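Counting begins at 1 with the first residue of the sequence. Side chains included, hydrogens not; waters and symmetry mates left out as well; all remaining heavy atoms used.
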Amino acid sequence: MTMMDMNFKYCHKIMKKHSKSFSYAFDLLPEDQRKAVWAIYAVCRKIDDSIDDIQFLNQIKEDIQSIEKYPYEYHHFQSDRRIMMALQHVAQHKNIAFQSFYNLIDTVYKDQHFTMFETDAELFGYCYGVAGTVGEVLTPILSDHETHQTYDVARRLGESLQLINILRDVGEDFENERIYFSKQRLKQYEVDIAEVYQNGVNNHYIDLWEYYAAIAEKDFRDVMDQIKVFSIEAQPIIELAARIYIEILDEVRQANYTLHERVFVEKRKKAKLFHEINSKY
Ligand SMILES: CC(C)=CCC/C(C)=C\CNCCN[C@H]1[C@@H]2C[C@H]3C[C@@H](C2)C[C@@H]1C3
Ligand SMILES: [Mg+2]
């Protein structure tokens, strides 16, 4: 094991720790591609966590800026050195959309003084900053020749996964004093998340939840229809990652939309999905 390997293996640990699903899918990529993904994932995970004040965040940001400006110089990274070395090594061979990390970093900064979304258009803006940006950074890894269509599809996939994540985590987020459903849509469907956390699901809530789930499902179908924008090796894997995340919607439904635990797709169910897709390819 060279030193860079240990850097990547650390990246890998972070990704697996955070997301059993994406790990399960993206570890199936060829070596070169999966290691790039681990590294991009780890950076983004670290940015997601950096607050816990903004000092570590500013350090990650400066690290990323050094890499962009001086891809081939040795840096003394201020933040997490194993992660940034791996990102640097990625950027020496692929085209990183640096503005997409900055967009993510700005969104994390802002989430500091979070106030509920007035409308869905703000909510979908947040899904872009926290996740669409991530799909954009991955685009060169996952496709042979990047065009605007490839970015578009990857950005939609990211935003959709983010919205599914929001749908899974309503109760956990409410505990951490966050609600991501828009005020407009909460008022329209007659829902009060505090009330629902207290007394359980009713029909208004289910209707509201299902309004957003149908958006997530439509976007997912639109992505699957355009899956050819990606490299042949990544196609089945992106289809796996998406199907696994999507299934989360059916898990929520089966737990009657509970606000009191995180539902999950069993590892054994992941393997079933892989089989179904492996055999279409
Ligand atoms: C797999 C494609 C195309 C995009 C990624 C999908 C996606 C960013 C999130 C969905 N699951 C929650 C992850 N939210 C993201 C933010 C917080 C963690 C660190 C960064 C920023 C990456 C993700 C985890
Ligand atoms: Mg966040």
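- Contact annotation: the side chain of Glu239 never approaches that of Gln235 to less than 4.5 Å [non-hydrogen atoms, C-beta and beyond].
- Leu142 and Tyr151 fall into different hydrophobic clusters, where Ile, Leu, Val, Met, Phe, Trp and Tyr residues are linked whenever their side-chain heavy atoms come under 4.5 Å apart, directly or through other members.
- Counted within 6.0 Å of NZ on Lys13, heavy atoms from surrounding residues, nucleotides or ligands total 12 or fewer; the atom is thus considered open.
- A 6.0 Å sphere centred on NZ of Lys110 holds more than 12 heavy atoms belonging to other residues, nucleotides or ligands.
- Between the side chains of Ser100 and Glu136, at least one donor N or O lies within less than 3.5 Å of an accepting N or O.
- Distance CD/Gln198 to CD1/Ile193: 13.0 Å, rounded to 0.5 Å.
- Of the charged side-chain nitrogens involved, none lies within less than 4.0 Å of a carboxylate oxygen, so that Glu159 and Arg155 do not count as a salt-bridged pair.
- Looking only at side-chain heavy atoms (C-beta outward), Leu157 and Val153 stay at 4.5 Å or farther from each other.
- A donor-acceptor pair is defined here as one N or O able to donate and one able to accept, closer than 3.5 Å; no such pair exists between the side chain of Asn256 and the backbone of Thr258.
- Defined by atom type and a distance below 3.5 Å, a donor-acceptor pair is present between the side-chain atoms of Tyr197 and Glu175.
- Connection of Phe264 to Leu273 is not established within any shared hydrophobic cluster, with ILVMFWY side chains joined at heavy-atom distances below 4.5 Å, either directly or through further cluster members.
- Side-chain contact check for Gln59 and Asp63: no donor-acceptor pair (N or O, by modelled atom type) lies under 3.5 Å.
- Using a 4.5 Å heavy-atom threshold, the side chains of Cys127 and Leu123 count as touching.
- No donor-acceptor pair under 3.5 Å is formed between the side chain of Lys46 and the backbone N or O of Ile60.
- A donor-acceptor pair under 3.5 Å is formed between the side chain of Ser50 and the backbone N or O of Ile47.
- The aromatic rings of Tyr41 and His18 lie tilted to each other, with the angle between the two planes from 30° to 60°.
- There is a path of hydrophobic side-chain contacts, each under 4.5 Å, that joins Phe124 to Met116.
- The distance from the OG atom of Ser143 to the CG atom of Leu138 is 10.0 Å, given to the nearest 0.5 Å.
- Atom NZ of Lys183 is surrounded by 12 or fewer heavy atoms from other residues, nucleotides or ligands within 6.0 Å.
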| Can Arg178 and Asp111 be said to form a side chain to side chain contact (heavy atoms under 4.5 Å, CB included), step by step? | CA-CA 10 Å; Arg178 288 294 180 262; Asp111 178 294; 3.4 Å; yes
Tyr180 vs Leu163, test: side chain to side chain contact (heavy atoms under 4.5 Å, CB included). Steps then yes/no.
CA-CA 9 Å; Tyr180 292 108; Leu163 178 64; over 6 Å; no
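- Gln55 and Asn58 share a donor-acceptor pair across their side chains, judged by distance under 3.5 Å alone.
- Side-chain contact of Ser231 with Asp144: a donor-acceptor pair under 3.5 Å is absent, judged by distance alone.
- Aromatic rings of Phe8 and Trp38 (six-membered ring for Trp) have centroids beyond the 6.0 Å cut-off, not under it.
- Here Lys61 pairs with nothing under the salt bridge (charged side-chain N to carboxylate O under 4.0 Å, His left out) rule; sequence neighbours left out.
- With hydrophobic clusters built from ILVMFWY side chains whose heavy atoms lie under 4.5 angstrom apart, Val201 shares a cluster with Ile166.
- Checked by atom type, the side-chain pair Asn7/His89 shows no donor-acceptor distance below 3.5 Å.
- No side-chain N or O of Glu210 forms a donor-acceptor pair with one of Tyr189 less than 3.5 Å apart.
- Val37 and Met6 fall into different hydrophobic clusters, defined by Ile, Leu, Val, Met, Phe, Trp and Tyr side-chain heavy atoms under 4.5 Å apart, directly or through other members.
- With respect to the salt-bridge test (charged N to carboxylate O, under 4.0 angstrom), the residues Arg34 and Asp27 do not qualify.
- Under the ring-ring contact (aromatic ring centres under 6.0 Å, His included) test applied with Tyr245, the options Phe22, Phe26, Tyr24 reduce to a single match, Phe22.
- Atom CD of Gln112 sits in a crowded spot, with more than 12 heavy atoms from other residues, nucleotides or ligands closer than 6.0 Å.
- Checked by atom type and distance alone, the side chain of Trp209 never pairs as donor or acceptor with a backbone atom of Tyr257 at under 3.5 Å.
- Looking at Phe274 and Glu276, their side chains never come closer than 4.5 Å, going by heavy atoms from C-beta outward.
- Within the 4.5 Å cutoff, the side chain of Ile64 has heavy atoms near those of the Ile105 side chain.
- You'll find the side chain of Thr107 stays beyond 4.5 Å of the side chain of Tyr128, heavy atoms only.
- No hydrogens or angles considered: nothing links the side chains of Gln254 and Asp250 as a donor-acceptor pair under 3.5 Å.
- The aromatic rings of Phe114 and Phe117 stand perpendicular to each other, their planes meeting at an angle above 60°, with 30° marking the opposite boundary.
- In this structure, the side chains of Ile179 and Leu186 come closer than 4.5 Å at one or more pairs of heavy atoms.
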Task: Residue pair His145, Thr150: steps toward the side chain to side chain contact (heavy atoms under 4.5 Å, CB included) verdict - done: CA-CA 8 Å; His145 299 112; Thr150 323; over 6 Å; no
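- Taking the six-membered ring wherever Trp is involved, the centroid distance between the rings of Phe181 and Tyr212 falls below 6.0 Å.
- A donor-acceptor pair is defined here as one N or O able to donate and one able to accept, closer than 3.5 Å; such a pair exists between the side chain of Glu122 and the backbone of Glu118.
- Formation of a donor-acceptor pair under 3.5 Å by the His93 side chain with backbone atoms of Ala36 is not found in this model.
- Enclosure of atom CG in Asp53 by more than 12 non-hydrogen atoms of other residues, nucleotides or ligands within 6.0 angstrom is indicated.
- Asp169 contributes no side-chain N or O that, together with a main-chain N or O of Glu172, makes up a donor-acceptor pair within less than 3.5 Å.
- Enclosure of atom CG in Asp32 is not indicated, since only 12 or fewer non-hydrogen atoms of other residues, nucleotides or ligands lie within 6.0 angstrom.
- To the nearest 0.5 Å, atom CD1 of residue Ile67 and atom CG of residue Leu87 are 4.0 Å apart.
- Here the shortest heavy-atom pairing between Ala97 and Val137 reads O-CG2, 3.8 Å.
- From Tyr281, atom OH reaches atom CD1 of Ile232 across 7.0 Å, with rounding to the nearest 0.5 Å.
- Note that the CD1 atom of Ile248 and the CG atom of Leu161 stand 8.5 Å from one another [nearest 0.5 Å].
- Defined by atom type and a distance below 3.5 Å, a donor-acceptor pair is present between the side-chain atoms of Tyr102 and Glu68.
- Atom CD of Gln88 sits about 9.5 Å away from atom CZ of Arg81, to the nearest 0.5 Å.
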**Item:** side chain to side chain contact (heavy atoms under 4.5 Å, CB included) between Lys218 and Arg221, intermediate numbers included
**Value:** CA-CA 5 Å; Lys218 179 183 205 321; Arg221 286 195 304 276; 3.7 Å; yes
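- Counting non-hydrogen atoms of neighbouring residues, nucleotides and ligands closer than 6.0 angstrom, the NE2 atom of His76 reaches no more than 12 such neighbours.
- Taking a 6.0 Å sphere around CD of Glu177, one finds it holds 12 or fewer heavy atoms contributed by other residues, nucleotides or ligands.
- Looking only at distances, no side-chain donor or acceptor of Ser160 sits under 3.5 Å from a matching main-chain atom of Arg156.
- Remark: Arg82 qualifies as a cation-pi partner of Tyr10 under the 6.0 Å distance and 45° angle criteria applied to the six-membered ring.
- Inter-residue side-chain proximity for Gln149 and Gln226 is flagged as met; some heavy-atom pair is nearer than 4.5 Å.
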